[PDB]
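Enquirer: Contents are mmCIF, C-alpha atoms and all ligand atoms; file name upload-v7.cif:
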data_upload
loop_
_atom_site.label_atom_id
_atom_site.label_comp_id
_atom_site.auth_asym_id
_atom_site.auth_seq_id
_atom_site.Cartn_x
_atom_site.Cartn_y
_atom_site.Cartn_z
CA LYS L 14 171.30 87.55 33.67
CA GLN L 15 174.03 84.81 34.08
CA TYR L 16 175.93 82.94 31.40
CA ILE L 17 179.12 81.14 30.39
CA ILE L 18 181.80 83.29 28.79
CA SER L 19 184.45 80.60 28.28
CA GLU L 20 185.87 77.32 29.33
CA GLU L 21 189.47 76.43 29.99
CA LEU L 22 190.48 72.78 29.85
CA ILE L 23 192.52 71.87 32.98
CA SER L 24 192.86 68.14 32.44
CA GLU L 25 191.30 65.46 30.23
CA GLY L 26 191.31 61.74 30.92
CA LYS L 27 189.75 59.00 28.88
CA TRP L 28 186.39 59.25 30.74
CA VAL L 29 186.28 62.64 32.59
CA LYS L 30 187.77 66.08 32.24
CA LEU L 31 188.25 69.00 34.61
CA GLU L 32 187.49 72.51 33.34
CA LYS L 33 187.66 76.04 34.66
CA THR L 34 184.49 77.87 33.61
CA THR L 35 184.42 81.65 33.37
CA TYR L 36 180.93 83.15 33.87
CA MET L 37 179.24 86.44 34.37
CA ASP L 38 177.63 86.88 37.75
CA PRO L 39 174.34 88.83 37.93
CA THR L 40 176.12 92.01 39.20
CA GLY L 41 178.23 92.12 35.96
CA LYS L 42 181.41 90.79 37.64
CA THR L 43 183.25 87.90 36.03
CA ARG L 44 183.89 84.73 38.11
CA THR L 45 185.36 81.27 37.77
CA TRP L 46 184.13 77.74 38.65
CA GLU L 47 185.98 74.39 38.61
CA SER L 48 183.65 71.90 36.89
CA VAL L 49 183.79 68.27 35.78
CA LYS L 50 182.36 66.87 32.54
CA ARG L 51 182.28 63.34 31.14
CA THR L 52 184.06 62.89 27.77
CA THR L 53 181.41 60.39 26.56
CA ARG L 54 178.30 62.45 25.86
CA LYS L 55 177.14 63.00 22.20
CA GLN L 57 172.36 62.44 23.35
CA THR L 58 169.62 63.87 25.61
CA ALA L 59 171.80 63.22 28.68
CA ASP L 60 174.77 61.10 29.80
CA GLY L 61 172.83 58.29 31.49
CA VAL L 62 169.56 56.72 32.54
CA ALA L 63 168.56 55.46 35.95
CA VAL L 64 165.68 53.04 36.16
CA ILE L 65 163.08 53.05 38.87
CA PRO L 66 161.99 49.35 38.53
CA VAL L 67 158.69 48.44 40.20
CA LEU L 68 158.48 44.63 40.50
CA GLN L 69 154.85 43.59 40.63
CA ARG L 70 153.94 40.07 41.70
CA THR L 71 150.42 39.12 42.62
CA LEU L 72 149.85 38.31 46.36
CA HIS L 73 153.24 39.94 47.22
CA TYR L 74 154.31 43.40 48.21
CA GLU L 75 155.39 45.57 45.37
CA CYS L 76 159.20 45.88 45.44
CA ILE L 77 161.70 48.37 44.08
CA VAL L 78 164.60 46.55 42.45
CA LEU L 79 168.06 48.01 43.23
CA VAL L 80 171.62 46.98 42.52
CA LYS L 81 174.64 46.76 44.77
CA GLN L 82 178.10 47.25 43.15
CA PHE L 83 181.63 48.24 44.10
CA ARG L 84 182.19 51.88 43.10
CA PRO L 85 185.87 52.80 42.76
CA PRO L 86 185.32 56.55 43.36
CA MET L 87 183.58 55.75 46.63
CA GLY L 88 186.09 53.06 47.70
CA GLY L 89 183.14 50.90 48.61
CA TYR L 90 179.82 49.26 47.82
CA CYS L 91 176.75 51.35 46.89
CA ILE L 92 173.05 50.60 46.56
CA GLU L 93 171.60 52.33 43.50
CA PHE L 94 168.82 52.28 40.95
CA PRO L 95 169.95 50.21 37.96
CA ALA L 96 171.65 52.56 35.58
CA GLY L 97 174.10 53.25 32.88
CA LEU L 98 175.24 55.60 30.09
CA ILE L 99 173.01 55.88 26.99
CA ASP L 100 174.85 54.51 23.84
CA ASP L 101 175.26 56.85 20.82
CA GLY L 102 171.99 56.72 18.84
CA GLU L 103 170.09 54.90 21.64
CA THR L 104 166.90 56.50 22.99
CA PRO L 105 166.60 56.90 26.83
CA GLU L 106 163.74 54.38 26.93
CA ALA L 107 165.77 51.75 25.15
CA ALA L 108 168.81 52.42 27.36
CA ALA L 109 166.59 51.86 30.39
CA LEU L 110 165.23 48.55 29.32
CA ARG L 111 168.67 47.44 28.22
CA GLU L 112 170.46 48.43 31.41
CA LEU L 113 167.74 46.95 33.60
CA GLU L 114 168.00 43.71 31.70
CA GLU L 115 171.82 43.66 31.84
CA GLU L 116 172.01 44.60 35.52
CA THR L 117 169.02 42.66 36.85
CA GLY L 118 167.92 40.11 34.23
CA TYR L 119 164.41 41.68 34.40
CA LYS L 120 162.36 42.51 31.36
CA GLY L 121 160.36 45.55 32.04
CA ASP L 122 157.83 47.91 30.47
CA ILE L 123 158.19 51.70 30.32
CA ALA L 124 155.75 53.71 32.46
CA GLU L 125 157.16 57.16 32.23
CA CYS L 126 160.40 59.02 31.36
CA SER L 127 161.69 62.24 32.85
CA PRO L 128 163.41 65.07 31.07
CA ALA L 129 167.14 65.31 31.55
CA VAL L 130 167.80 65.96 35.23
CA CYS L 131 171.15 66.98 36.78
CA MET L 132 173.20 64.71 39.02
CA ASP L 133 175.36 67.18 40.99
CA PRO L 134 175.10 70.55 39.27
CA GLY L 135 177.63 72.32 41.58
CA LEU L 136 180.25 69.84 40.55
CA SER L 137 179.43 68.45 37.11
CA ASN L 138 177.30 68.78 34.02
CA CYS L 139 176.16 65.18 34.35
CA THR L 140 172.53 64.44 33.54
CA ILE L 141 170.27 61.39 33.38
CA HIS L 142 166.73 60.48 32.43
CA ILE L 143 164.93 58.78 35.29
CA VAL L 144 162.80 56.02 33.73
CA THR L 145 160.02 54.40 35.67
CA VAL L 146 159.51 50.85 34.50
CA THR L 147 157.13 48.16 35.76
CA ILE L 148 158.14 44.54 35.87
CA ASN L 149 155.48 41.84 35.60
CA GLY L 150 157.08 39.41 38.00
CA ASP L 151 154.44 36.74 37.22
CA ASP L 152 155.45 36.47 33.50
CA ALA L 153 157.61 33.49 32.59
CA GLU L 154 160.41 35.66 31.12
CA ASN L 155 160.88 37.14 34.68
CA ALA L 156 160.70 33.82 36.48
CA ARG L 157 164.50 33.19 36.78
CA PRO L 158 165.85 36.61 35.80
CA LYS L 159 169.20 36.29 33.83
CA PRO L 160 171.59 39.29 34.64
CA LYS L 161 174.02 39.89 31.72
CA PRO L 162 177.08 41.78 33.11
CA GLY L 163 179.15 43.70 30.54
CA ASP L 164 182.95 43.35 30.84
CA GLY L 165 183.91 44.43 34.38
CA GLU L 166 180.35 44.87 35.77
CA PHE L 167 179.71 42.88 38.98
CA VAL L 168 176.20 43.54 40.16
CA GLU L 169 174.08 42.10 43.03
CA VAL L 170 170.32 42.56 42.85
CA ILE L 171 168.46 43.70 45.99
CA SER L 172 164.64 43.95 45.92
CA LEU L 173 163.01 45.80 48.69
CA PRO L 174 159.35 46.34 49.44
CA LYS L 175 158.17 49.75 48.23
CA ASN L 176 155.89 50.18 51.30
CA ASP L 177 158.80 50.01 53.81
CA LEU L 178 161.64 51.21 51.53
CA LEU L 179 163.27 53.82 53.73
CA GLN L 180 163.39 51.58 56.85
CA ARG L 181 164.85 48.71 54.80
CA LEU L 182 167.55 50.99 53.31
CA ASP L 183 168.43 52.34 56.76
CA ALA L 184 168.79 48.73 58.01
CA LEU L 185 171.10 47.75 55.20
CA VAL L 186 173.27 50.79 55.97
CA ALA L 187 173.37 50.01 59.71
CA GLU L 188 174.09 46.33 59.19
CA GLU L 189 176.11 46.14 55.91
CA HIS L 190 178.30 49.37 55.76
CA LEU L 191 176.95 50.28 52.31
CA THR L 192 176.28 53.75 50.86
CA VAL L 193 172.79 54.43 49.53
CA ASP L 194 172.45 56.60 46.46
CA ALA L 195 170.95 60.05 46.94
CA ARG L 196 168.23 59.59 44.34
CA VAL L 197 167.25 56.20 45.88
CA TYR L 198 167.14 57.77 49.31
CA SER L 199 165.16 60.79 48.02
CA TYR L 200 162.57 58.49 46.45
CA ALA L 201 162.37 56.41 49.76
CA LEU L 202 161.85 59.61 51.71
CA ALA L 203 159.00 60.88 49.57
CA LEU L 204 157.23 57.46 49.82
CA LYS L 205 157.14 58.00 53.61
CA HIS L 206 156.35 61.76 53.36
CA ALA L 207 153.42 61.39 50.92
CA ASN L 208 149.99 62.63 52.21
CA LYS W 14 185.73 40.99 47.52
CA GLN W 15 186.57 44.35 45.84
CA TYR W 16 188.80 47.08 47.29
CA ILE W 17 191.02 50.00 46.47
CA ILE W 18 194.70 49.30 45.73
CA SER W 19 195.95 52.82 45.14
CA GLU W 20 194.76 56.38 44.36
CA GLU W 21 197.09 58.50 42.13
CA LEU W 22 196.50 62.24 41.86
CA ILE W 23 196.15 63.25 38.17
CA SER W 24 195.15 66.95 38.43
CA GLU W 25 194.37 69.05 41.56
CA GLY W 26 192.41 72.28 41.44
CA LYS W 27 191.44 74.53 44.32
CA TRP W 28 188.02 72.88 44.69
CA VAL W 29 188.14 69.56 42.74
CA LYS W 30 190.70 66.91 41.82
CA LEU W 31 190.93 64.00 39.37
CA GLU W 32 192.44 60.73 40.48
CA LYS W 33 193.50 57.42 38.91
CA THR W 34 192.04 54.71 41.14
CA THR W 35 193.45 51.23 41.05
CA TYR W 36 191.27 48.53 42.41
CA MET W 37 190.84 44.77 42.63
CA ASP W 38 187.93 43.23 40.66
CA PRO W 39 186.00 40.28 41.93
CA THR W 40 187.70 37.89 39.36
CA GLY W 41 190.95 38.93 41.18
CA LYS W 42 192.17 41.13 38.30
CA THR W 43 193.58 44.67 38.92
CA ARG W 44 191.67 47.48 37.08
CA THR W 45 191.57 51.31 36.94
CA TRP W 46 188.96 54.03 37.21
CA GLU W 47 189.12 57.81 36.71
CA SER W 48 187.56 59.31 39.86
CA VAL W 49 186.54 62.79 40.96
CA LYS W 50 186.82 64.15 44.45
CA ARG W 51 186.46 67.50 46.16
CA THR W 52 189.48 69.07 47.87
CA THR W 53 187.33 70.48 50.70
CA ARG W 54 186.31 67.46 52.81
CA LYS W 55 188.15 67.12 56.11
CA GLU W 56 186.58 65.11 58.97
CA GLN W 57 182.97 65.70 57.98
CA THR W 58 180.74 62.66 57.61
CA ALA W 59 179.97 64.00 54.11
CA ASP W 60 180.79 66.84 51.74
CA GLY W 61 177.47 68.59 51.98
CA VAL W 62 173.85 68.70 52.94
CA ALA W 63 170.68 69.04 50.92
CA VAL W 64 167.55 70.11 52.79
CA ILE W 65 164.03 68.80 52.15
CA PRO W 66 162.12 71.88 53.52
CA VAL W 67 158.43 71.23 54.19
CA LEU W 68 156.64 74.53 54.58
CA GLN W 69 153.54 74.09 56.92
CA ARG W 70 150.89 76.85 57.27
CA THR W 71 147.46 76.54 58.70
CA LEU W 72 144.78 76.26 55.94
CA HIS W 73 147.50 75.70 53.28
CA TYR W 74 148.64 72.63 51.53
CA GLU W 75 152.24 71.78 52.48
CA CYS W 76 154.86 73.13 50.11
CA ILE W 77 158.35 71.90 49.25
CA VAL W 78 160.68 74.84 49.22
CA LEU W 79 163.10 74.76 46.29
CA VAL W 80 165.77 77.06 44.98
CA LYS W 81 166.79 78.16 41.49
CA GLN W 82 170.31 79.25 40.72
CA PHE W 83 172.76 79.49 37.89
CA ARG W 84 175.15 76.58 37.90
CA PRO W 85 178.31 77.17 35.89
CA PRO W 86 178.91 73.36 35.30
CA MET W 87 175.55 73.08 33.65
CA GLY W 88 175.76 76.43 31.78
CA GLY W 89 172.25 77.25 32.97
CA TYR W 90 169.69 77.51 35.73
CA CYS W 91 168.82 74.54 37.93
CA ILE W 92 166.02 73.87 40.39
CA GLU W 93 167.30 72.09 43.48
CA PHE W 94 166.74 71.37 47.13
CA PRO W 95 168.53 74.07 49.21
CA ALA W 96 172.08 72.79 49.76
CA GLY W 97 175.64 73.57 50.67
CA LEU W 98 178.87 72.19 51.94
CA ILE W 99 179.30 71.36 55.64
CA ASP W 100 181.78 73.77 57.32
CA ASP W 101 184.66 72.10 59.36
CA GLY W 102 183.29 71.18 62.78
CA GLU W 103 179.70 71.86 61.77
CA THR W 104 177.11 69.08 62.26
CA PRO W 105 174.99 68.07 59.21
CA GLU W 106 171.82 69.42 61.00
CA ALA W 107 173.45 72.78 61.72
CA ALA W 108 174.67 73.01 58.09
CA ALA W 109 171.13 72.23 56.81
CA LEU W 110 169.41 74.80 59.00
CA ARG W 111 172.05 77.38 58.21
CA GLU W 112 172.01 76.80 54.46
CA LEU W 113 168.19 76.82 54.44
CA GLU W 114 168.17 80.18 56.21
CA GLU W 115 170.90 81.60 53.98
CA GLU W 116 169.32 80.41 50.72
CA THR W 117 165.58 80.97 51.42
CA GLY W 118 165.24 83.09 54.51
CA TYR W 119 163.35 80.44 56.35
CA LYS W 120 164.04 79.19 59.86
CA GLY W 121 163.37 75.51 60.07
CA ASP W 122 163.05 72.76 62.63
CA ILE W 123 164.96 69.48 62.19
CA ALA W 124 162.77 66.44 61.40
CA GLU W 125 165.27 63.79 60.30
CA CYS W 126 168.76 63.38 58.93
CA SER W 127 169.91 60.64 56.58
CA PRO W 128 173.19 58.81 56.64
CA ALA W 129 175.80 59.99 54.12
CA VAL W 130 174.44 59.25 50.64
CA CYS W 131 176.40 59.26 47.33
CA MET W 132 175.78 61.90 44.71
CA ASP W 133 177.11 60.11 41.59
CA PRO W 134 179.14 57.12 42.71
CA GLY W 135 180.37 56.06 39.26
CA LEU W 136 181.98 59.48 38.85
CA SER W 137 182.83 60.90 42.28
CA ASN W 138 183.16 60.20 46.01
CA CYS W 139 180.84 63.14 46.82
CA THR W 140 178.38 62.55 49.61
CA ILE W 141 175.63 64.44 51.39
CA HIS W 142 173.28 64.15 54.27
CA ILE W 143 169.72 64.64 53.23
CA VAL W 144 168.07 66.60 56.05
CA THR W 145 164.26 66.90 56.29
CA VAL W 146 163.21 70.09 57.98
CA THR W 147 159.72 71.48 58.73
CA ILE W 148 159.19 75.22 58.46
CA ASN W 149 156.41 76.70 60.63
CA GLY W 150 155.07 79.21 58.12
CA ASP W 151 152.68 80.52 60.83
CA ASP W 152 155.62 81.82 62.93
CA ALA W 153 156.29 85.56 62.46
CA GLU W 154 160.00 84.62 61.96
CA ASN W 155 158.95 83.04 58.66
CA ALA W 156 156.47 85.64 57.48
CA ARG W 157 158.55 87.72 55.08
CA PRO W 158 161.76 85.55 54.90
CA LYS W 159 164.72 87.24 53.05
CA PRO W 160 167.63 85.11 51.71
CA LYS W 161 171.08 86.02 53.09
CA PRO W 162 173.22 85.03 50.12
CA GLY W 163 177.02 84.81 50.51
CA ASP W 164 179.52 86.36 48.11
CA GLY W 165 178.67 85.16 44.56
CA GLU W 166 175.44 83.39 45.72
CA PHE W 167 172.26 84.50 43.86
CA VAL W 168 169.36 82.30 44.74
CA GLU W 169 165.66 82.47 43.86
CA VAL W 170 163.11 80.70 46.03
CA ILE W 171 160.31 78.55 44.55
CA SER W 172 157.75 76.93 46.83
CA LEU W 173 155.53 74.31 45.21
CA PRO W 174 152.68 72.27 46.69
CA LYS W 175 153.70 68.82 47.73
CA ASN W 176 150.44 67.39 46.46
CA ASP W 177 151.18 68.54 42.84
CA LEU W 178 154.96 68.69 42.89
CA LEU W 179 155.79 66.66 39.73
CA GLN W 180 153.27 68.54 37.53
CA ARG W 181 154.38 71.85 38.84
CA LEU W 182 158.03 71.04 38.10
CA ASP W 183 156.99 69.88 34.58
CA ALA W 184 155.19 73.22 34.05
CA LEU W 185 158.33 75.12 35.05
CA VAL W 186 160.46 73.00 32.70
CA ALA W 187 157.84 73.56 29.96
CA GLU W 188 157.95 77.43 30.45
CA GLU W 189 161.76 78.08 30.44
CA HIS W 190 165.28 76.71 29.87
CA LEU W 191 166.12 75.07 33.16
CA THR W 192 167.05 71.69 34.57
CA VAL W 193 165.51 70.01 37.56
CA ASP W 194 167.79 68.23 39.94
CA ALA W 195 167.61 64.45 39.94
CA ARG W 196 166.99 64.23 43.72
CA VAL W 197 164.07 66.69 43.47
CA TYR W 198 162.65 64.73 40.51
CA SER W 199 163.07 61.48 42.34
CA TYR W 200 161.22 62.82 45.36
CA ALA W 201 158.42 64.28 43.16
CA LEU W 202 158.09 60.95 41.37
CA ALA W 203 157.75 58.98 44.62
CA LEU W 204 155.05 61.48 45.83
CA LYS W 205 153.10 60.50 42.63
CA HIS W 206 153.80 56.77 42.95
CA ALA W 207 152.59 56.76 46.56
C1 LIG Q 301 183.19 71.96 42.52
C2 LIG Q 301 183.04 73.39 42.96
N1 LIG Q 301 183.96 74.29 42.24
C3 LIG Q 301 184.13 75.60 42.63
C4 LIG Q 301 183.51 76.20 43.76
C5 LIG Q 301 183.71 77.56 43.98
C6 LIG Q 301 184.51 78.30 43.10
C7 LIG Q 301 184.82 79.75 43.32
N2 LIG Q 301 185.07 77.69 42.04
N3 LIG Q 301 184.92 76.41 41.81
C1 LIG Q 302 183.78 58.78 35.42
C2 LIG Q 302 183.93 57.36 34.93
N1 LIG Q 302 185.32 56.92 34.97
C3 LIG Q 302 185.72 55.73 34.39
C4 LIG Q 302 184.78 54.85 33.74
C5 LIG Q 302 185.24 53.64 33.26
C6 LIG Q 302 186.58 53.29 33.42
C7 LIG Q 302 187.07 51.93 33.02
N2 LIG Q 302 187.46 54.17 34.03
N3 LIG Q 302 187.09 55.33 34.50
CL CL Q 303 154.73 52.92 39.03
MG MG Q 304 175.23 50.61 35.76
MG MG Q 305 174.97 47.02 32.40
MG MG Q 306 173.87 76.10 47.91
MG MG Q 307 175.01 78.19 50.33
#
Now, as a test, write the supplied structure out as structure tokens.
Expert:
Amino acid sequence: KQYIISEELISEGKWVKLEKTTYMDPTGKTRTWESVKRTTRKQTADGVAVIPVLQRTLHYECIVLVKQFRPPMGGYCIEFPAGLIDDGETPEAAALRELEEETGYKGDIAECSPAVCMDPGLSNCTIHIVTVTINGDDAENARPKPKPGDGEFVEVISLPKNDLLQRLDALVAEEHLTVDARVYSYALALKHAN
Amino acid sequence: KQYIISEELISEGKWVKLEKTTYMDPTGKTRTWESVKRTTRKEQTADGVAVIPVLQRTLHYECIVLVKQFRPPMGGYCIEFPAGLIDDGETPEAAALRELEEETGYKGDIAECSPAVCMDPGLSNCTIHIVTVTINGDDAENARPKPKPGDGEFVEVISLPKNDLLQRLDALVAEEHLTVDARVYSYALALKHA
């Protein structure tokens, strides 16, 4: 019943553009929407985000997250490791790459989502969420070597999976950080399960 | 270590703007970022709310109440938690209960409310509160709930059992052209991983 008629470019930067989308509403009346798109997509999706489950024997299972300065937020955020998928890279390969770059961990793929939307009222941005396990007892994960790209500046924060939401709430209370909505949604469901 | 130096307006729409952010990197070098922001945030603790609505009915498994709508940025239909922007002077809890009623018909009860969490922090400053709400599906108020959509809102309700949420979302994605929201997928994943 609803569909795009046309798009008008409002403004294009190097990395993002602003568009005005004309669409047909289900009554048959034409309407407009201001939308953002990245300029970088080719690709199943813009990005991957990695849910990294760090498994060490005789330890709690942890979820590995990253803290970075985020210029649109004007502050530090706690997020799943993540980045844009390179042209001709599969989402799986992007996930293992980004996790290795951002955390130094070498992980194994468990599952991969379809493309999911980031903020569909605002943007067309999509990611694959990739669940990866990390065998923390393997020598290659003993002293994990994070390889920042140019201008990345990433702190690794591992939190126990069994208490994730409480630990995130503490960091927020004590550290004036912003938690990512997908991290927080995952932490919620861990508590809400059963 | 890192902070904002300046924020230059590039293009301002009615609803969204593009900015050139200048910031200090942790090597002490000045850099830039193209950032997105809404034009609509005043003194609210966040742009918006998304509601995690847990429908509870005696001798039923608990459902997560989701909504499906056309999203012009995506050029298609999306399945999301019920959500909307916080009106000026409105509390996040009031916004969540109001949006839930407007989008689904249901009258909920507040369970918990997150701090402001970031939607897509590499792209935008957009934040929400994630508000968990229980819906007493045994109350006659919630028997034959009718959405009260606003002008240009056209929302379908989809309630799926919590205990099978990921597979039920996969089956919807298998059956039509639609995208699942990354917060919903995240939450459905954690329900599986717990
Ligand atoms: C980022 C949201 N953009 C919007 C919202 C409403 C309307 C009418 N147009 N554009
Ligand atoms: C929406 C992403 N904006 C960006 C990304 C990278 C750089 C250097 N600048 N701006
Ligand atoms: Cl897992
Ligand atoms: Mg990244
Ligand atoms: Mg990286
Ligand atoms: Mg809405
Ligand atoms: Mg609404």
Enquirer: Go ahead and find all residues with at least one atom no further than 8 Å from (177.7, 59.8, 37.9) in the file's coordinates, using all atoms listed in the file; report them as a short mmCIF file (atom, residue, chain, number, x, y, z; two decimals) with C-alpha atoms, in the frame of the given file.
Expert:
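Written output follows (out-v7.cif):
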data_model
loop_
_atom_site.label_atom_id
_atom_site.label_comp_id
_atom_site.auth_asym_id
_atom_site.auth_seq_id
_atom_site.Cartn_x
_atom_site.Cartn_y
_atom_site.Cartn_z
CA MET L 132 173.20 64.71 39.02
CA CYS L 139 176.16 65.18 34.35
CA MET W 132 175.78 61.90 44.71
CA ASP W 133 177.11 60.11 41.59
CA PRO W 134 179.14 57.12 42.71
CA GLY W 135 180.37 56.06 39.26
CA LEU W 136 181.98 59.48 38.85
CA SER W 137 182.83 60.90 42.28
#
Enquirer: Only residues of chain W matter here; which ones have an atom within 7 Å of chain L, counting all atoms listed in the file? Give them as a ChimeraX atom specification.
Expert: /W:15-17,24,28-29,34,36,46-49,83-89,130-138,192-196,199-200,203-204,207
Enquirer: I'd like the box whose edges run along x, y and z of the file and which contains every listed atom of range 41-47 of chain W, padded by 8 Å per side; could you state its centre and edge lengths in Å, one decimal, as lines of an AutoDock Vina configuration file?
Expert:
center_x = 191.3
center_y = 48.4
center_z = 38.9
size_x = 20.6
size_y = 34.9
size_z = 20.5
Enquirer: Could you please extract the residues within 12 Å of ligand CL 303 (chain Q), counting only C-alpha atoms and all ligand atoms, and hand them back as a PyMOL selection string?
Expert: (chain L and resi 64-69+75-77+121-126+144-149+175+204) or (chain W and resi 202-207)
Enquirer: Within 7 Å of ligand MG 307 (chain Q), counting all atoms listed in the file, which protein or nucleic acid residues do you find, written as a PyMOL selection string?
Expert: chain W and resi 96-97+112+115-116+163+166
Enquirer: Residues within 8 Å of ligand MG 304 (chain Q) (all atoms listed in the file), as a PyMOL selection string?
Expert: chain L and resi 95-98+112+116+166
Enquirer: Select, from W:56, W:122, W:183, W:75, the residue with the minimum atom-to-atom distance to residue 99 in chain W, counting all atoms listed in the file.
Expert: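 Ranking W:56, W:122, W:183, W:75 by distance to residue 99 in chain W, first place goes to W:56.
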Enquirer: Which value, in Å to one decimal, gives the distance between CA of residue 153 in chain W and CA of residue 111 in chain W?
Expert: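 About the pair CA of residue 153 in chain W and CA of residue 111 in chain W: they are 18.3 Å apart.
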Enquirer: Using all atoms listed in the file, which of the listed residues (W:43, W:147, W:58, W:117) sits closest to ligand LIG 302 (chain Q)?
Expert: W:43
Enquirer: Here is a test: counting all atoms listed in the file, which residue of L:102, L:160, L:174, L:150 is nearest to residue 115 in chain L?
Expert: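 For residue 115 in chain L, the nearest of the candidates is L:160.
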Enquirer: Separation of CA of residue 143 in chain W and atom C5 of ligand LIG 302 (chain Q), in Å?
Expert: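 Rounded to one decimal, the two atoms are 27.6 Å apart.
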Enquirer: Could you please determine the separation between CA of residue 121 in chain W and CA of residue 78 in chain W in Å, to one decimal place?
Expert: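 We find that CA of residue 121 in chain W and CA of residue 78 in chain W lie 11.2 Å from each other.
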Enquirer: Could you check which residues have any atom within 10 Å of (177.3, 61.0, 16.2), counting all atoms listed in the file with coordinates taken straight from the file, and then list them as JSON, numbers by chain?
Expert: {"L": [54, 55, 57, 101, 102]}
Enquirer: May I ask you to restore N, CA and C atoms in range 81-94 of chain W and write the result as a PDB file, in the coordinates of the input?
Expert:
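Listed below is the output, out37.pdb:
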ATOM      1  N   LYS W  81     166.375  78.054  42.910  1.00  0.00           N
ATOM      2  CA  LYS W  81     166.790  78.160  41.490  1.00  0.00           C
ATOM      3  C   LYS W  81     167.980  79.086  41.409  1.00  0.00           C
ATOM      4  N   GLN W  82     169.045  78.599  40.766  1.00  0.00           N
ATOM      5  CA  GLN W  82     170.310  79.250  40.720  1.00  0.00           C
ATOM      6  C   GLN W  82     170.989  78.904  39.432  1.00  0.00           C
ATOM      7  N   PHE W  83     171.881  79.795  39.038  1.00  0.00           N
ATOM      8  CA  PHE W  83     172.760  79.490  37.890  1.00  0.00           C
ATOM      9  C   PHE W  83     173.845  78.555  38.386  1.00  0.00           C
ATOM     10  N   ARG W  84     174.157  77.566  37.610  1.00  0.00           N
ATOM     11  CA  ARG W  84     175.150  76.580  37.900  1.00  0.00           C
ATOM     12  C   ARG W  84     176.132  76.557  36.729  1.00  0.00           C
ATOM     13  N   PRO W  85     177.349  77.088  36.974  1.00  0.00           N
ATOM     14  CA  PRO W  85     178.310  77.170  35.890  1.00  0.00           C
ATOM     15  C   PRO W  85     178.622  75.817  35.222  1.00  0.00           C
ATOM     16  N   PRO W  86     178.701  74.697  35.963  1.00  0.00           N
ATOM     17  CA  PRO W  86     178.910  73.360  35.300  1.00  0.00           C
ATOM     18  C   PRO W  86     177.887  72.955  34.269  1.00  0.00           C
ATOM     19  N   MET W  87     176.646  73.300  34.537  1.00  0.00           N
ATOM     20  CA  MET W  87     175.550  73.080  33.650  1.00  0.00           C
ATOM     21  C   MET W  87     175.384  74.140  32.552  1.00  0.00           C
ATOM     22  N   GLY W  88     176.067  75.307  32.665  1.00  0.00           N
ATOM     23  CA  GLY W  88     175.760  76.430  31.780  1.00  0.00           C
ATOM     24  C   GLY W  88     174.302  76.870  31.745  1.00  0.00           C
ATOM     25  N   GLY W  89     173.640  76.861  32.905  1.00  0.00           N
ATOM     26  CA  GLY W  89     172.250  77.250  32.970  1.00  0.00           C
ATOM     27  C   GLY W  89     171.714  77.187  34.391  1.00  0.00           C
ATOM     28  N   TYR W  90     170.434  77.510  34.494  1.00  0.00           N
ATOM     29  CA  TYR W  90     169.690  77.510  35.730  1.00  0.00           C
ATOM     30  C   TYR W  90     169.131  76.112  36.109  1.00  0.00           C
ATOM     31  N   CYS W  91     169.163  75.824  37.408  1.00  0.00           N
ATOM     32  CA  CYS W  91     168.820  74.540  37.930  1.00  0.00           C
ATOM     33  C   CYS W  91     167.878  74.741  39.068  1.00  0.00           C
ATOM     34  N   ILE W  92     166.946  73.818  39.210  1.00  0.00           N
ATOM     35  CA  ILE W  92     166.020  73.870  40.390  1.00  0.00           C
ATOM     36  C   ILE W  92     166.395  72.719  41.308  1.00  0.00           C
ATOM     37  N   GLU W  93     166.711  73.055  42.558  1.00  0.00           N
ATOM     38  CA  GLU W  93     167.300  72.090  43.480  1.00  0.00           C
ATOM     39  C   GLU W  93     166.712  72.251  44.885  1.00  0.00           C
ATOM     40  N   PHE W  94     166.875  71.215  45.692  1.00  0.00           N
ATOM     41  CA  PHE W  94     166.740  71.370  47.130  1.00  0.00           C
ATOM     42  C   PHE W  94     167.831  72.376  47.595  1.00  0.00           C
TER      43      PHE W  94
END
